[PDB]
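1. PDB entry and its sequence, pasted below:
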Amino acid sequence: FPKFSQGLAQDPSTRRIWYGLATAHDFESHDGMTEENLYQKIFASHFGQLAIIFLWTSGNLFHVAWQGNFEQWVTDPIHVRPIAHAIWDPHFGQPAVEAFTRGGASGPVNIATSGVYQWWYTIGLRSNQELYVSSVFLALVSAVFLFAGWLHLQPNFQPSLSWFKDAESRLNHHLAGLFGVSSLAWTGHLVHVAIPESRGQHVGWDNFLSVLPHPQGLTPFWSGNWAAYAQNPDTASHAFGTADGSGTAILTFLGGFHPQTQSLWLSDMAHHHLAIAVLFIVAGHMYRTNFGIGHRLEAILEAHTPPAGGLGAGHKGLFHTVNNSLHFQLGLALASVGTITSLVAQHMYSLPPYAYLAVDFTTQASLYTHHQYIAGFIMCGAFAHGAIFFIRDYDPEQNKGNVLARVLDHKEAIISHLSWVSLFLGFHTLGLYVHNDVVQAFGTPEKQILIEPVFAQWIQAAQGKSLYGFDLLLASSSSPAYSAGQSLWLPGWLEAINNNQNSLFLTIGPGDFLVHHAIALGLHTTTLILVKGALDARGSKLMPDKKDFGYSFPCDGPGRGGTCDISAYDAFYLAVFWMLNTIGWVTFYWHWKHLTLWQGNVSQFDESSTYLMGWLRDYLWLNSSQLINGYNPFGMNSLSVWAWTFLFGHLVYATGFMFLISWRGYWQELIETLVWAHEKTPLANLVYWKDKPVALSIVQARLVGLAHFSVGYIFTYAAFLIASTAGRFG
Amino acid sequence: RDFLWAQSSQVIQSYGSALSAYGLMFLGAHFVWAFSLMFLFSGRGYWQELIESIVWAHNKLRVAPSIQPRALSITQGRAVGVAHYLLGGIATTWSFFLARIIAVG
Amino acid sequence: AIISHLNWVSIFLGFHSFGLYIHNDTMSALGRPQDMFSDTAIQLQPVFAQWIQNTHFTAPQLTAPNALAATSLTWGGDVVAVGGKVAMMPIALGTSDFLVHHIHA
Amino acid sequence: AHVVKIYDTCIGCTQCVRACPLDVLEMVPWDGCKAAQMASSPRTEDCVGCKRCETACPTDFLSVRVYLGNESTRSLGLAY
Amino acid sequence: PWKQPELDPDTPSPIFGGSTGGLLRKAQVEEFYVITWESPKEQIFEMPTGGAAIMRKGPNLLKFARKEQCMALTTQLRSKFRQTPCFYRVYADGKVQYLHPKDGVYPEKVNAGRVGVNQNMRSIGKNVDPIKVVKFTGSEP
Amino acid sequence: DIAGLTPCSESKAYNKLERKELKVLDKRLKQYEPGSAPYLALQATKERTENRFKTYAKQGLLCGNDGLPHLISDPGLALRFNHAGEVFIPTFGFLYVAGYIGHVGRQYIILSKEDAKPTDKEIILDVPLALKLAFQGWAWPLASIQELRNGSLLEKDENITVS
Amino acid sequence: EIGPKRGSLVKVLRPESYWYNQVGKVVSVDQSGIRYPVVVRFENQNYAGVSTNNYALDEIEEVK
Ligand code: CLA
Ligand code: CLA
Ligand code: CLA
Ligand code: CLA
Ligand code: CLA
Ligand code: CLA
Ligand SMILES: CC1=C(/C=C/C(C)=C/C=C/C(C)=C/C=C/C=C(C)/C=C/C=C(C)/C=C/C2=C(C)CCCC2(C)C)C(C)(C)CCC1
Ligand SMILES: CC1=C(C/C=C(\C)CCC[C@H](C)CCC[C@H](C)CCCC(C)C)C(=O)c2ccccc2C1=O
Ligand SMILES: CC1=C(C/C=C(\C)CCC[C@H](C)CCC[C@H](C)CCCC(C)C)C(=O)c2ccccc2C1=O
Ligand code: SF4
């Protein structure tokens, strides 16, 4: 069936069906391709992913409004549990519907874990009608994008190649309009709508023109008295819904958290997205586009060449390399987006931006793991899509003497100095945990090697934490950094950081020390596997010409001692195991340190996280009690769905071990035996396949087994994370 | 639940008693098991290239072996896997059982 | 013919043996314990082994008259206690022992 | 439907020809070497991709390379 | 050779009871291969598919479904018994093709009639990068 | 003190941990007779345990709220507050030993490669030569800087590359 | 004489080779117009197990 590739269609086996799906959206290798048709097919496809996003969001709104309890949750956000979607499974029994109907709703339901209730409530949504109206809005926006992907593919409305390779115009329009004006409008929403909705005022499309956000109006804005909007901020004794304790401010720099809702002040976030709009609009007017003024991108890169020659030619020749290579542009985007995705995880748990999110313990966990596991998957793609650049879109003669060739020249030094750091952290970190495992075991818990992370405690003292007693500049009243920002942010900031009941700059001990170093083992060795597959993508001593074969090929044969798993695809393949291991350590450390905080017994983590039996005893074995009893022989609770899923992941994980351990040659001889039986059987022989059956290829099995591996790695932990935290409710 | 989670209480709580050796072997048996997965899942090709970048540094300092370093053969990596695999899988029971049963119930 | 006919048996067993365990898990999580395979349930009892236990237990009477007792107490009889602990006592076979003995095959 | 290309460094060892089971390779005269022989790949339609040919070439780097590609019934080694 | 030997489809076969490694439905539909040779006495030899069989003094003939099954037998006869086999390819339409000693001389020996094919006049490596041929097929050709 | 850590002498949990670990032995000591060998073994363990706790307190260690001693790594705070023996000084005790092993193995490699059949010298060592170098390596830092300042430490682009 | 002397050591300059920027003894040289006449022998084996290979005039240079 593949029309884009005639080589696979002539294949008689089932390899046609499998390879037809995997090479579907790889437009470069297609038959009869052109550089101009490539960009157009991408531009149309990128409209599609938007259509699924806006529809996916519309489905959550509808399924929440129709089946949820958003109206009931706002009145008592703390005690009431949110509801994601209802359940209709006719294979249930009567005990299950009685258990799964825990919500106020009539029938059984699923409790939500995303946190959309806390988000929608904060921006001024207080009814189910307003969600129905919104679900229609995005479904319209979704259909508009589908119409555009088809429209902008037609004979007319078909952009030329020069239009795509206009970088200076894209930056100015995207930095100013997509980022800035969007951030400016969001401030327009928080001011005109949300802050009133917090202070009791109901603002909507009916009355947003008549209602003023501020009593004075815009006359301060023109006069220059811009401090009038920060005069009467909201008091501490302020309920988030009612006008009790309210103020008139719309832009303020209070800092810290709101007392009742342990969250950031809305007036601050309104002030935040305003300043971001100004810098991004200013940055948008930088590059040159159809007018005399402006910078040029190529002129800059050619200029930043150091005179002495530490970088040789420098950044010359790179503009045509980046602008013409799509894989280069994709590697930088993923590496940037994958890092941002980790910031969203690290900066939300410490600085809750939404109302009544700090109290929802189950919701904070999933949001952290969800983004971090995505941050790993994305970041493993940047190197992978960065390795494809060296094979397909790299020209050495054009990029001669520049930074990119000078890196590739001495790659033996990079890969080697990396291997030292992975080995160093690996021996010495494990040796200490094992030194503490043993010496605990012989009854002497005082002989442990507990090293205090002084450098991090030095920061928290330099950022307001008076526990450690270092007495740094911002922990000292006499310093200027305390004097500056004393009227602005410090009274609200110092109160929060010194409070030891929030996740803002938690206390650190020697147990937190070993893990931050064990995390370093993951990043430095995961980078090693991916960096190697990139730099050695063009050639190795074992295979001087990898570039002629491709990114993904099985091997070069048993000759030269063996050539299994050399290709750059096989490096990405091995890194995902380390990506999951690294994120697992990062995520295990978040959950347990927070459980001890929520349970009140912080001493559990500090004393037991120094040796590895504590992780197996106190974290895994202990918190898997309520979960494992989801379906007992006596009865069943509401956590039965999670225990079922908990095994479901312990199984999928094991099925991948087949495709990983057992390789093709055992199976193809086996399928030849079943083929003999199907023909020699008296009646079944009348039936005959249209496509010949063969075993899965080599590269396919590494992919398939990794999917069965990773899915069990995720479905297992998601059940444990939600069940452990939900059953205890703390 | 009733076999693994339950009967593992005697092994896990063995620290500070005469059965402490079984608590350590219970863990070390897991390490050697997982350690085998590097050999079964991977292949000789990635490792022989990595050694080349390591030989460069050992060569740069004029400290290199006349016996050239070579990655393990294919059949050896498979044998090394099942060995460290079975050893870690079997030694775990050997610790899970004797600690459970010596501390009767 | 050997490998083909033997391939079918493994598939037949892994479905009808291990699939029975998943059926019991799914029935329990859904709140339908009456539909499981168990003693209070859709019993699959090993009648053949049960008949062999009694035959070897009632052997001293008829088939081995000079034998004062049976070969072991696992077939049937009374408990033998030593030091307040039981050395051996009759083992009863039920629905669970059916599934496990078939999982081994 | 695989591709087999032989390069200028052949020396006429014939070890590639002896190793291929499917008779893809044969020897042709040439003036470049001492042995006055060179390989050839007339019938790659019967190629299978065993890479025993590459295993036997004693050069520093191979005078024979099998570049895998589109598959077929003969290439997949299907008796059925 | 001097001339291609045409196929004699009616020659005695070895003494072999039969096995399950024989021909399948692919043979009647697509193609199959047959091998001929001439032995001086009655001997025993290992078949590629199955077990042992007894040759016959004079011409012998087999039918196989793969070319590798045939050439696997030539390597056994040329080495053990020092014979000169020759095998063909038969399609479903009845067409016949003479394959392996296509020049009469085995491929490991030179002959003046042969012409080179797929011969690059360069060193391994020393060839253009894929970027130069980014939008059509082939860096090696 | 520093980092909100109390010294181990003044801590209560530190002494609590001592009274606990001794109570286990005293209970275990009740079973056996006074003059038996199991009694002598446990009394020695009691003597060692009492010595372990007092020596760690005497050494100016820092114990946390859990009651276990903590180590400090920055040489500035270590030297300022008299905690240098913990981490900072053993750093130089190791590196002297580790470089000893490198300077020795590097010399055996170079010298055997100046002769015929160096492969045999690796599997079948020249023990007289190995002991000679092993007792000549007491001053390896001198030879290193001698070899660096001279330039005979590193090789110069006579190494294999891959592209 | 066309090329380097018998028994003379030379340094290789093929980027593809396992012996690149490495030294080996010249075993023989053919003077019949062959493209790759210079036969060289090294002590260290390659990945396959071969310790000899015919190189060209331009591909070899003087030692060190
Ligand atoms: C006081 C004199 C002075 C100094 C100190 C500098 C310094 C510098 N100039 Mg400069 N310059 C000067 C005068 C000076 N300039 C004058 C008079 C002119 C004429 C106008 C210029 C014009 C000029 C240009 C046009 C450019 C520079 C650039 C640079 C920078 C990089 C140059 C270089 O070789 O990279 C150092 C060389 C290397 C090879 C880098 C080594 C990388 C290390 C080894 C990697 C380690 C990574 C590893 C992960 C580390 C661990 C991290 C872990 C802890 C996380 C550097 C900061 C460049 C620049 O702006 O780039 C920033 C540049 O393009 N200079
Ligand atoms: C628990 C399992 C496990 C362990 C311990 C390792 C360990 C290692 N892997 Mg690995 N790996 C694993 C699973 C594991 N992997 C899996 C499942 C995969 C997916 C296929 C990979 C894929 C993978 C890749 C792709 C790479 C690694 C790399 C590494 C090394 C990283 C450097 C380092 O920190 O070494 C130090 C850390 C240690 C834990 C050392 C182990 C030795 C300790 C000290 C015990 C010492 C022995 C002791 C004296 C007793 C011996 C007696 C006995 C002989 C009788 C290290 C050897 C990287 C590498 O080698 O780069 C250098 C690399 O590129 N691995
Ligand atoms: C902006 C994001 C983005 C974009 C636009 C692309 C675009 C592309 N990538 Mg890339 N990639 C990305 C992110 C992105 N990637 C990330 C984040 C990674 C790291 C994981 C990769 C890793 C990657 C590799 C390793 C490769 C590509 C390839 C490709 C090319 C298309 C291949 C194709 O059609 O496969 C279509 C493939 C499929 C349809 C199969 C996907 C099936 C998945 C794995 C199964 C998922 C599990 C299952 C559904 C779970 C269900 C749960 C169950 C319980 C119900 C194309 C240029 C390929 C390429 O360029 O080849 C030269 C290639 O080899 N990418
Ligand atoms: C003002 C004019 C303007 C605007 C608004 C856009 C807008 C866009 N262009 Mg675009 N473009 C323009 C002019 C403009 N263009 C011009 C002049 C040209 C020719 C030079 C192009 C050529 C062009 C191409 C060739 C392509 C685009 C594409 C896109 C889309 C990017 C994908 C996306 O949704 O990112 C959305 C991004 C944001 C909304 C903001 C940035 C997001 C970061 C991560 C910040 C996150 C902030 C915050 C934390 C988020 C919180 C979320 C909250 C819900 C919790 C986007 C809709 C792509 C496309 O067609 O996609 C379909 C594409 O391929 N543009
Ligand atoms: C938990 C992991 C796991 C599982 C489930 C299997 C499963 C299997 N392996 Mg296996 N294997 C594994 C790990 C695993 N392997 C590992 C790690 C290795 C490496 C040593 C191997 C090595 C290996 C070899 C070497 C061989 C097998 C064989 C087999 C098969 C035996 C036939 C049988 O009983 O299947 C019957 C089916 C099951 C056991 C599935 C159980 C679950 C239920 C019944 C399925 C329910 C289906 C559901 C109702 C339909 C849903 C449809 C949905 C789309 C709507 C079977 C497919 C043999 C084989 O294939 O030849 C016969 C064989 O020779 N495996
Ligand atoms: C004495 C011999 C010797 C020397 C001087 C070096 C020197 C070096 N090695 Mg190396 N290495 C050696 C032997 C040696 N190696 C052996 C035998 C192996 C195989 C296990 C390795 C495997 C190895 C790896 C995998 C790596 C290094 C790396 C390095 C560099 C950084 C130091 C490091 O990470 O140590 C690490 C040291 C080890 C992991 C173990 C070394 C084994 C013992 C302790 C020393 C050997 C002593 C020898 C048997 C005694 C002979 C004495 C004679 C008189 C009889 C450095 C250039 C790193 C690199 O790439 O450079 C940046 C790196 O990642 N080494
Ligand atoms: C291979 C390759 C690739 C890839 C790449 C990658 C993926 C990268 C990575 C990298 C990364 C991903 C990076 C990262 C970065 C980051 C950083 C570097 C940052 C830092 C920051 C800073 C600088 C800050 C500072 C500060 C401030 C500002 C304030 C506070 C304090 C502090 C100090 C913190 C590409 C595609 C190109 C292509 C070629 C090949
Ligand atoms: C079992 C096995 C096979 C044979 C497995 C086969 C033939 C199973 C694939 C066919 C079945 C019928 C598909 C089963 C349906 C899936 C559960 C769902 C697929 C969903 C997709 C359509 C998306 C290999 O070919 C193989 C190759 C290389 C390494 C390891 C192995 C390996 O382990
Ligand atoms: C890791 C790995 C390697 C590399 C492994 C190697 C080179 C073996 C390393 C053996 C070391 C040298 C043994 C010695 C280890 C310690 C130094 C012993 C401790 C000694 C101290 C106590 C002194 C392969 O070659 C390989 C090949 C095929 C499939 C998988 C793999 C594979 O997984
Ligand atoms: S194997 Fe290679 S070097 Fe030897 S004759 Fe054939 S092509 Fe020439």
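-> Alright, I've got the coordinates. Numbering: from 1, shown residues only, chains lettered A, B, ... in the order given. Ligands and ions are numbered 1, 2, ... in the order given.

2. What is the burial count for residue B:100?
-> By the criterion of other Cβ atoms under 10 Å in any protein chain shown, residue B:100 has 18 neighbours. The way it works is simple: take the backbone N, C-alpha and C, and place the C-beta from them, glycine included.

3. Shouldn't it be within a helix?
-> Yes: Residue B:100 forms part of a helix when assessed by DSSP: H, G, I helix; E, B strand; the rest coil.

4. Does residue F:24 touch residue A:444 like I think?
-> No: contact criterion Cβ atoms under 8 Å: residue F:24 and residue A:444 do not qualify, at 11.2 Å.

5. shared neighbours, those two?
-> Contact with both residue F:24 and residue A:444 is made by no residue, according to Cβ atoms under 8 Å, 6 or more residues apart in numbering or on different chains.

6. so how far is the top helix by length along chain F from its chain's centroid?
-> Under DSSP state H, the helix in chain F containing the largest number of residues is helix F:88-112. Centre-to-centre, helix F:88-112 and its host chain are 15 Å apart (Cα atoms, centre = their mean, to the nearest Å).

7. which outside residues touch that helix?
-> In contact with helix F:88-112 (Cβ under 8 Å, 6+ apart) are residues B:61-66, F:73, F:75, F:78-79, F:118, F:121-122, F:126, F:129-130, F:133-134, F:137-138, F:140-141, F:143-144.

8. so who does residue A:59 touch?
-> Counted by Cβ under 8 Å, 6+ apart, residue A:59 has contacts residue A:135.

9. Which secondary structure element is home to it?
-> Using DSSP states H and E, residue A:59 sits in helix A:35-67.

10. Does anything pack onto the helix or strand just after that helix? Which helices or strands?
-> Where DSSP H and E defines the elements, the next helix or strand beyond helix A:35-67 is helix A:70-75. On a contact count with 3 or more Cβ pairs under 8 Å, 6 or more residues apart in numbering or on different chains; DSSP states H and E, helix A:70-75 meets helix A:116-122.

11. Who are the packing partners of the helix it packs on?
-> Packing partners of helix A:116-122 (3+ Cβ pairs under 8 Å, 6+ apart): helix A:35-67, helix A:70-75.

12. what's the angle between the helix or strand just after that helix and helix A:35-67?
-> The C-terminal neighbour of helix A:116-122 among helices and strands, as given by DSSP H and E, is helix A:129-151. On the basis of axes from the mean of the first three to the mean of the last three Cα atoms, to 10 degrees, helix A:129-151 is oriented at 160 degrees to helix A:35-67.

13. Report the buried residues of helix A:129-151.
-> A:131, A:134-135, A:138-139, A:141-142, A:145-146, A:148-149 (16 or more other Cβ atoms under 10 Å in any protein chain shown).

14. rewinding a little: quick check: next helix or strand after the longest helix of chain F?
-> Following helix F:88-112 toward the C-terminus (DSSP H and E): helix F:118-123.

15. what ranges do the strands span in the chain?
-> Picking chain A for this. Applying DSSP state E to chain A gives strands spanning A:83-86, A:109-111, A:257-258, A:263-264.

16. looking at chain G here, not the other one
-> Using DSSP E, the strands of chain G run over G:9-12, G:23-28, G:38-41, G:52-55, G:60-61.

17. May I see those strands organised as CSV, with mean neighbour count added?
-> Listed next are the strands of chain G as CSV, based on neighbours: other Cβ atoms under 10 Å in any protein chain shown:
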stretch, mean neighbour count
strand G:9-12, 18
strand G:23-28, 16
strand G:38-41, 20
strand G:52-55, 21
strand G:60-61, 16
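
18. In a markdown table, list those strands along with distance to ligand 10.
-> Output for those, formatted as a markdown table (distance: least, Cβ to the nearest ligand atom, whole Å):
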| stretch | distance to ligand 10 |
| --- | --- |
| strand G:9-12 | 18 |
| strand G:23-28 | 17 |
| strand G:38-41 | 14 |
| strand G:52-55 | 10 |
| strand G:60-61 | 19 |
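
19. In JSON lines, list the helices and strands packed on helix A:116-122 along with distance to residue D:77.
-> Shown next, in JSON lines, are the helices and strands packed on helix A:116-122 (distance: least, Cβ to Cβ, whole Å):
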{"stretch": "helix A:35-67", "distance to residue D:77": "36"}
{"stretch": "helix A:70-75", "distance to residue D:77": "62"}
